[PDB]
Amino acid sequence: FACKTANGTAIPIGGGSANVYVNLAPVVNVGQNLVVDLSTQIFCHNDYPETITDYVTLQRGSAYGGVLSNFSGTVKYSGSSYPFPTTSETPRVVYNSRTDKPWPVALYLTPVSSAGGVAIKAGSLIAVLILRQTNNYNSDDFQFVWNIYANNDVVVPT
């Protein structure tokens, strides 16, 4: 089991960490959502699907910087929604193919009223998403850690 991002770093077999940059709507109001869909960026595959089934969970979702102080959130994982920051590890998604398949994670972030001005800084860390992979074959239990960085400023009026 291994993961990569669209253009492009990878995390090899056995886990590790990578940094991911995301484009954000540059203006969001109180009551509107920022959607950060990571499923178009993080792709995973099973290296031996004929004998092994890989199980993948969102172990933990944590907020940082601007998002942590100026936004409230949920995360959508494989159809289901959860508070973001997360309060527990999710159910699992099966990976049973050598073909790259998206990691189906999306954040929905909404400004709290105390946000005004630049509520997320360009280049700043906004979130960490930990992917936990196990299988039905041996005791492999690995974390793939995605550090999420803002590409651009996000302003909340006025």
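Just count from 1 along the sequence shown to find any residue number.
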Query raised in the report: Quick one: higher average CA temperature factor, 20 to 28 or 6 to 14?
Result: 6 to 14
Report summary line: Between 36 to 44 and 122 to 130, the record assigns the higher mean Cα B factor to 36 to 44
Query - Criterion, highest CA B-factor; candidates, 61, 117, 65, 104 - result: 117
Report summary line: Chain thirds by Cα B factor, record data; residue 138 belongs to the highest
Report summary line: residue 94: CA temperature factor from the record, placed by chain third, in the middle
Report summary line: Entry-reported C-alpha B-factor of residue 72 relative to its chain, by third, is highest
**Report entry** Ranked against its chain, the third holding the CA B-factor of residue 112
**Finding:** highest
